[PDB]
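Residues per chain, in single letters:
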Amino acid sequence: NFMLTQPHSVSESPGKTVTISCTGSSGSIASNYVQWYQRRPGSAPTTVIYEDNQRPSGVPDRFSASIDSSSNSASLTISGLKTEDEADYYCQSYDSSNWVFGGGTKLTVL
Amino acid sequence: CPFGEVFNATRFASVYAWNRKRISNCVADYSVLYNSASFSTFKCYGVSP
Amino acid sequence: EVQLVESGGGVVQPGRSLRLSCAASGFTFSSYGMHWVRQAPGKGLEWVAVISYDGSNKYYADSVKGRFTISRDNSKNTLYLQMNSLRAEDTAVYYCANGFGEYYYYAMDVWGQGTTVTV
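Structure determination for this PDB entry was carried out by cryo-EM, with a resolution of 3.62 Å recorded in the header.

Peer 1: Even after reading the chapter, I still don't get the interface of chain B and chain C, so can you show me in this structure?
Peer 2: Contact with chain B, which involves five residues of that partner, is made by seven residues of chain C. Carbon and sulfur atoms make up 62% of the surface buried where chain B meets chain C, a total of about 620 Å² over both sides. Summed over the three residues of chain B that lose the most area to chain C, namely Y34(B), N35(B) and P49(B), the buried surface amounts to 69% of that side. Here chain B and chain C share zero salt bridges between them. Run the count over chain B and chain C and you get one residue pair in polar contact.

Peer 1: Even after reading the chapter, I still don't get unusual backbone geometry, so can you show me in this structure?
Peer 2: A negative phi holds for most residues other than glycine; trans holds for most peptide bonds. Residue and element names in this part refer to chain A. Residue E51 is not a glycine yet carries a positive backbone phi of 65°. One non-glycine residue, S96, lies in positive phi territory at about 55°. Take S96: its relative accessible area is 33%, and that puts it in the partly exposed class.

Peer 1: Explain the UniProt feature "disulfide bond" in chain B to me, please; I cannot follow it from the model alone.
Peer 2: All names here are of chain B. In this structure the UniProt-annotated cystine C1-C26 is intact, with an S-S distance of 2.0 Å. Separated by 25 residues along the polypeptide, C1 in the segment before α1 (3-7) and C26 in the segment after α1 bring together distant segments of the chain. Looking at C26, the relative accessible area reads 35%, which means it is partly exposed.

Peer 1: What is the right way to look at the side chain of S52(C) in this model?
Peer 2: The residue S52(C) is located in the loop between β3 (49-51) and β4 (58-60) in this model. At 3.3 Å, the side chain of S52(C) forms a polar contact with the backbone nitrogen of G55(C). In this structure the side chain of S52(C) is engaged in a polar contact, spanning 2.6 Å, whose partner is the backbone oxygen of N57(C). Discounting chain neighbours no more than four positions away, the residues touching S52(C) are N35(B) and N57(C).

Peer 1: Mind showing me how you'd approach the pattern of salt bridges here?
Peer 2: What the rule picks out here adds up to three salt bridges over all chains. One salt bridge connects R40(A) with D85(A), and the closest N-O pair in it is separated by 3.0 Å. Ionic pairing is found between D90(C) and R38(C), a salt bridge with its closest N-O pair at 3.7 Å. Highlighted residues: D90(C) in the loop between β6 (78-81) and β7 (95-98) and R38(C) in strand β1 (residues 34-39), separated in sequence by 52 residues.

Peer 1: Would you mind going over the state of the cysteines with me for this structure?
Peer 2: Throughout this description, disulfide means a covalent bond between two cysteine sulfur atoms. All chains considered together, the criterion is met by three disulfides over all chains. For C22(C), the disulfide goes to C96(C), at an S-S distance of 2.0 Å. Of note, the bridge from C22(C) to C96(C) carries an S-S torsion of about 50° and is right-handed in sense. Within this pair, whereas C22(C) is found in the segment before β1, its partner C96(C) is found in strand β7, the two being separated by 74 residues in sequence. Look at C22(C) and you get buried, because its relative accessible area is 16%. There is no disulfide at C44(B), and the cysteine sulfur nearest it, in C1(B), is 19 Å away. Exposure remark for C44(B): the relative accessible area of 32% places this residue in the partly exposed category.

Peer 1: Is there a simple way to explain the interface of chain C and chain A in this structure?
Peer 2: A common way to express how large an interface is: the accessible area buried when the components associate. Opposite the eleven residues of chain C that make contact, chain A presents eleven residues. Contact with chain A buries area across many residues of chain C, yet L45(C), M108(C) and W111(C) alone supply 40% of it, more than any other trio. Along the contact surface separating chain C from chain A lie zero salt bridges. For the pair chain C and chain A, the interface holds three residue pairs in polar contact. For the side of chain C that touches chain A, the class distribution of residues is five nonpolar, four polar and two charged.

Conventions we followed
Residues numbered from 1 in each chain as written, not as in the entry; some residues may be left out. Chains lettered and ligands numbered in written order. Part of a larger assembly, values for the part shown. Heavy atoms only, no water. Contact = heavy atoms within 4.5 Å. Buried area = accessible area lost by both parts, 1.4 Å probe. Salt bridge = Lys/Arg side-chain N within 4 Å of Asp/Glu carboxyl O. Polar contact = N/O pair within 3.5 Å; in protein donor to acceptor, adjacent residues only side chain to side chain. Buried < 20%, exposed > 50% of the residue type's maximum accessible area, 1.4 Å probe, protein only. Disulfide = S-S within 2.5 Å. UniProt positions renumbered as here; feature names shortened; annotations may be inferred. Helix = DSSP H or I, 4+ residues; strand = E, 2+ residues; numbered from the N terminus. Nonpolar A, V, L, I, M, F, W, Y, C, P; charged D, E, K, R; others polar.

See below:
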């Protein structure tokens, strides 16, 4: 059914331009509001961003949400990385009433 | 437009020698097309829906 | 201009009978449908059900079919959702909102504020 394509292995040195790529399908990428969900192990999950227009106090300004239709891709750059924030990124999308898990993304920072 | 007959058509003709019977001069219904949750995929290119 | 506030009771014992309303007005509610979305914690958004305007064909999810029955009236532009036999997994904020555009559901712009319900 649903096919997810991601690079097998990719890495870039810090201080350069990085762009995490996760293909979007089952609709128009300009009509989907991409909201990231995180669940840090060892901690109770809490919502950090919802309704796309509400800002709780302490929310960093580095995160920005928009859609770029010039090259049919979205650009996001995050600075101020913390040691406890090192984890794995998984991009999840839903179609109709089906859930599909990813194959598994492993990334090592050298 | 009598597109419902094609929608529930039992058989389809061959690609190379399909019978040509132009049907036009009407306004379609699209009443049942609004429930797209039963279709596995929905793709649109070149224009936003 | 666009103000929509949800109100209701507080501590409600499960199994009791009570009716709630989230009135939608200020526009053409005749061509606008009411959608209910449940957001499971940790997981993504969950589809609940959809209703056609004609009413000839109605489709419901396997996890909500049978137990629940919905009623709407285009004359008063109010949707009634009778909650019977509340479930533990249903203890979540209820979003009363109308779908994006006209006859579109795959796109979402504004989330639901939520209604005050206790299970």
